[PDB]
Amino acid sequence: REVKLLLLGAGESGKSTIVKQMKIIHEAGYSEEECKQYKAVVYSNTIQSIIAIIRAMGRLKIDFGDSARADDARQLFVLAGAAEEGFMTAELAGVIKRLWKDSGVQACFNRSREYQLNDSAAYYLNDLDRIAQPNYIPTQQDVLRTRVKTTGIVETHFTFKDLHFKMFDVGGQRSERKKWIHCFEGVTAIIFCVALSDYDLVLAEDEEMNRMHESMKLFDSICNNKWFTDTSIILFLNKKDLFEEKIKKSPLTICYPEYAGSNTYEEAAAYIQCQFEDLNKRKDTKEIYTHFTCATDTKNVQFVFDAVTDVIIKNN
Amino acid sequence: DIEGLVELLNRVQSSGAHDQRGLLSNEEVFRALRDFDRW
Ligand SMILES: Nc1nc2c(ncn2[C@@H]2O[C@H](COP(=O)(O)OP(=O)(O)O)[C@@H](O)[C@H]2O)c(=O)[nH]1
Numbered sequence: 032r033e034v035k036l037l038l039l040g041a042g043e044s045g046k047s048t049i050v051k052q053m054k055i056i057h058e059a060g061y062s063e064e065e066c067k068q069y070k071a072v073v074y075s076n077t078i079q080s081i082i083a084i085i086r087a088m089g090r091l092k093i094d095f096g097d098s099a100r101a102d103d104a105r106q107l108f109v110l111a112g113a114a115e116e117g118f119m120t121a122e123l124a125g126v127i128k129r130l131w132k133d134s135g136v137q138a139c140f141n142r143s144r145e146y147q148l149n150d151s152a153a154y155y156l157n158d159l160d161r162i163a164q165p166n167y168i169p170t171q172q173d174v175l176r177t178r179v180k181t182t183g184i185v186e187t188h189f190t191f192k193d194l195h196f197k198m199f200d201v202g203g204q205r206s207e208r209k210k211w212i213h214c215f216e217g218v219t220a221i222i223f224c225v226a227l228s229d230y231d232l233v234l235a236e237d238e239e240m241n242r243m244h245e246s247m248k249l250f251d252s253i254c255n256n257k258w259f260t261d262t263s264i265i266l267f268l269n270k271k272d273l274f275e276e277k278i279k280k281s282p283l284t285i286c287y288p289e290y291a292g293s294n295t296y297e298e299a300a301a302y303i304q305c306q307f308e309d310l311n312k313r314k315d316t317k318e319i320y321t322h323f324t325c326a327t328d329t330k331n332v333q334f335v336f337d338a339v340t341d342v343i344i345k346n347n
Numbered sequence: 496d497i498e499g500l501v502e503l504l505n506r507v508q509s510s511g512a513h514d515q516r517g518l519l520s521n522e523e524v525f526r527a528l529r530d531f532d533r534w
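The listed protein sequences derive, respectively, from chains B and D.
Numbering-wise (the entry's author numbering), the first sequence opens with residue 32 and increments by one.
Numbering-wise (the entry's author numbering), the second sequence opens with residue 496 and increments by one.
As structure tokens, then:
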């Protein structure tokens with residue numbers, strides 16, 4: 032038979048990483064030829080990341096640790112354009128290296144809850160010595176962490192346990208109402224993604240509820256829609272790795288001020304789970320399949336999707 | 496209606512950090528510099 036999966040959820044949650052993971056697990060993965068393609072975007076994301084932190088030092092009034100870094104910042108803007116989509120000079124490598132190692136830039140990086148910094152930022156900057164080398168070809172894990180501009184709908188085909196899978200991702204691209212319907216029609220199961228580590232993000236001037244509650248209010252709509260009654264709702268509470276680290280210093284009471292439990296990862300993780308699951312108005316007709324994932328962790332995603340497939344099997 | 500979904504869907508799905516996806520363009524590096532020239 033044929034199985035249609037629709038990925039949903041907030042921007043920067045896991046959706047496009049999951050689709051890439053399906054290619055790594057249930058398809059050939061990424062060829063060395065296809066890896067060369069990404070060398071360009073790797074460097075692009077690296078520079079975009081460091082820029083974003085520098086920029087945020089403005090909003091957060093965080094000065095440079097070492098006075099001299101201001102000139103390195105300036106060099107970055109001059110040399111950046113010359114990162115001509117497949118070449119990072121040792122000149123430029125050192126510039127970024129010095130900035131990322133700066134006491135002040137770090138101080139700002141640690142406050143990434145006060146702005147919006149991509150979660151692939153720390154992955155690249157810590158690996159510069161490897162990325163900067165002239166004969167570098169992006170590893171399987173490197174291609175996984177690359178951030179490309181979303182276009183219309185992304186799709187992937189794979190066969191797993193004698194099933195023809197078609198997985199759809201629409202997010203980011205503000206799509207037409209009539210192109211949304213084409214994605215809902217005949218959907219077997221929805222995989223809704225939630226970024227657990229989004230719990231401590233600090234409110235912007237436009238929003239009227241924290242990000243977790245926005246991802247909630249969306250779920251409350253997907254889950255209880257007339258279109259999805261005979262549809263399996265799978266919930267990936269993603270970014271559990273970051274969430275575990277975050278919960279060590281920033282209490283879940285930042286996000287749910289009414290939360291009376293301890294600031295252990297396990298209790299808080301389970302509490303968030305309850306919050307999304309409780310939005311299901313139909314318990315007599317429907318149940319939500321929840322998994323705590325780490326989308327960048329191929330092994331973990333493999334396990335989880337395996338468990339997801341078994342659900343789909345006995346529900347056809 | 497099933498319309499109140501579509502509005503909130505492509506708002507929430509278009510959230511998150513930007514100027515962080517795709518290839519690094521000169522217009523992007525310029526706006527980065529322009530900002531830097533104040534703090
Ligand atoms: N550390 C960590 N990073 C993650 C995890 N899941 C996703 N990310 C990263 O954070 C971003 C998530 O957004 P992405 O899946 O790429 O696009 P989306 O469709 O908007 O969610 C990507 O840059 C991922 O590399 C996770 O579980 N742990």
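Just so you know, even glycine gets a beta-carbon here, dropped at the ideal spot from N, CA and C.
Any C-beta of chain D under 7 angstroms from that of residue i
i: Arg178 of chain B; result: yes
i: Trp211 of chain B; result: yes
i: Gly112 of chain B; result: yes
i: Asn149 of chain B; result: yes
i: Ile343 of chain B; result: no
i: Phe307 of chain B; result: no
i: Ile82 of chain B; result: yes
i: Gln106 of chain B; result: no
i: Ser252 of chain B; result: yes
i: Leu249 of chain B; result: yes
i: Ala87 of chain B; result: no
i: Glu43 of chain B; result: yes
i: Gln79 of chain B; result: yes
i: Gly203 of chain B; result: yes
i: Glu122 of chain B; result: no
i: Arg208 of chain B; result: yes
i: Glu245 of chain B; result: yes
i: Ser143 of chain B; result: no
i: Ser75 of chain B; result: yes
Residue-level contact to chain B via CB, residue i, 7 angstroms cutoff
i: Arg526 of chain D; result: no
i: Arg529 of chain D; result: no
Paired residues, beta bridge with residue i - DSSP
i: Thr187 of chain B; result: B:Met198
i: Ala226 of chain B; result: B:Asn269
i: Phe323 of chain B; result: B:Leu268
i: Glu33 of chain B; result: B:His195
i: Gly40 of chain B; result: B:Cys224
i: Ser263 of chain B; result: B:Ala220
Supposed close pair residue i, residue j - CB separation, criterion 8 angstroms
i: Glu33 of chain B; j: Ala226 of chain B; result: Going by Cβ atoms, the distance from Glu33 of chain B to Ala226 of chain B rounds to 30 angstroms, so no, they are not a contact pair.
i: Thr324 of chain B; j: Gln304 of chain B; result: Wrong, their Cβ atoms sit about 12 angstroms apart, outside the cutoff.
i: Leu503 of chain D; j: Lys248 of chain B; result: 7 angstroms
i: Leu266 of chain B; j: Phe334 of chain B; result: Their Cβ separation, rounded to whole angstroms, is 16 angstroms, which puts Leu266 of chain B and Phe334 of chain B out of contact at 8 angstroms.
i: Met198 of chain B; j: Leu38 of chain B; result: 7 angstroms
i: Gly60 of chain B; j: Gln171 of chain B; result: 6 angstroms
i: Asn241 of chain B; j: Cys286 of chain B; result: 6 angstroms
i: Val507 of chain D; j: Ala41 of chain B; result: 5 angstroms
i: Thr327 of chain B; j: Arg176 of chain B; result: 7 angstroms
i: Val332 of chain B; j: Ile127 of chain B; result: That pair is no contact at about 30 angstroms.
i: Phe196 of chain B; j: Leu36 of chain B; result: 7 angstroms
i: residue 370 of chain B; j: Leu159 of chain B; result: It is not possible to answer for residue 370 of chain B, since the shown part of chain B is limited to 32 through 347.
ask   = Does the segment 99–106 of chain B come within contact of the segment 154–173 of chain B, defined as at least 3 CB pairs closer than 8 angstroms?
value = The segment 99–106 of chain B vs the segment 154–173 of chain B: no contact.
query = Contact between the segment 199–209 of chain B and the segment 173–182 of chain B: three or more CB pairs below 8 angstroms?
reply = At 8 angstroms Cβ cutoff, the stretches touch.
query = Taking one C-beta from the segment 70–90 of chain B and one from the segment 515–523 of chain D each time, how about it: are there three or more such pairs within less than 8 angstroms?
reply = yes
ask   = Is the segment 230–237 of chain B close to the segment 280–294 of chain B, with three or more CB pairs under 8 angstroms?
value = yes
Segment contact flag, the segment 522–530 of chain D with the segment 298–318 of chain B, C-beta cutoff 8 angstroms, min 3 pairs = no
message = Check whether the segment 131–140 of chain B and the segment 85–96 of chain B touch, using three or more Cβ-Cβ pairs below 8 angstroms as the test.
response = yes
inquiry  = Within 8 angstroms, do at least three Cβ pairs link the segment 57–67 of chain B to the segment 107–115 of chain B?
reply    = Result no; under three Cβ-Cβ pairs closer than 8 angstroms.
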